[PDB]
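Observations on chain architecture
Each chain, written out:
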Amino acid sequence: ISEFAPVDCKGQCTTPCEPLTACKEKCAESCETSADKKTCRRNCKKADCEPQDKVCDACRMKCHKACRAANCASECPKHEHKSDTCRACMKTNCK
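Residues numbered from 1 in each chain as written, not as in the entry; some residues may be left out. Heavy atoms only, no water.

Per the deposited record, the coordinates in this entry were obtained by solution NMR.

**Observations regarding the state of the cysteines**
A covalent bond between the sulfur atoms of two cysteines is referred to as a disulfide. Tallied over the full model, the rule gives nine disulfides. What pairs with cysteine 67 in a disulfide is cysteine 94, and their sulfur atoms sit 2.1 Å apart. Here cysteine 94 lies in the segment after α4 (84-92) and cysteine 67 lies in helix α3 (residues 50-70), a separation of 27 residues in the sequence. Taking relative accessible area as the criterion, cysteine 67 reaches 2% and is therefore assigned buried. (Disulfide = S-S within 2.5 Å. Helix = DSSP H or I, 4+ residues; strand = E, 2+ residues; numbered from the N terminus. Buried < 20%, exposed > 50% of the residue type's maximum accessible area, 1.4 Å probe, protein only.)

**Remarks on the UniProt feature "disulfide bond" in the protein**
Of the UniProt disulfides, the one joining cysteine 27 and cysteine 44 is intact in these coordinates, the sulfur pair sitting 2.1 Å apart. Here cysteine 27 is found in helix α1 (residues 18-30), whereas its partner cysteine 44 is found in helix α2 (residues 37-48), with 17 residues between them in sequence. Classification of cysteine 27 as buried rests on a relative accessible area of 4%. In these coordinates the annotated UniProt disulfide of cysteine 67 and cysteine 94 is reproduced, with an SG-SG gap of 2.1 Å that lies under 2.5 Å. (UniProt positions renumbered as here; feature names shortened; annotations may be inferred.)

**Quick notes on the pattern of salt bridges**
Taken as a whole, this structure holds two salt bridges when the rule is applied. Note that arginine 68 and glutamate 80 form a salt bridge whose closest N and O atoms lie 3.4 Å from each other. Of this pair, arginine 68 sits in helix α3 while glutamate 80 sits in the loop between α3 and α4, placing them twelve residues apart in sequence. Residue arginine 68 is classed as partly exposed on the basis of its relative accessible area of 21%. In this structure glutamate 80 comes out as partly exposed when scored by relative accessible area, which is 27%. (Salt bridge = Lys/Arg side-chain N within 4 Å of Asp/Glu carboxyl O.)

What follows is the structure, given as structure tokens:
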């Protein structure tokens, strides 16, 4: 692996979404063919998947930046304000 190609984030969120996913999963099981799986799970997501889920977002939130600072760099300076050349860079770079 070398420093090239676009980077991801969704996939790069297993550690921060390790306990979360497990939460959804474990629930998914307990909510097998249950009336309104979604709802069920959703509620199960509140059981004790509130903080876990958050940790996930964080990842998606950080990665978002990490990527920018990573892939991009010139298209996005230190302090910006929704730069076009940035959103365009991250758009392509940050697939």
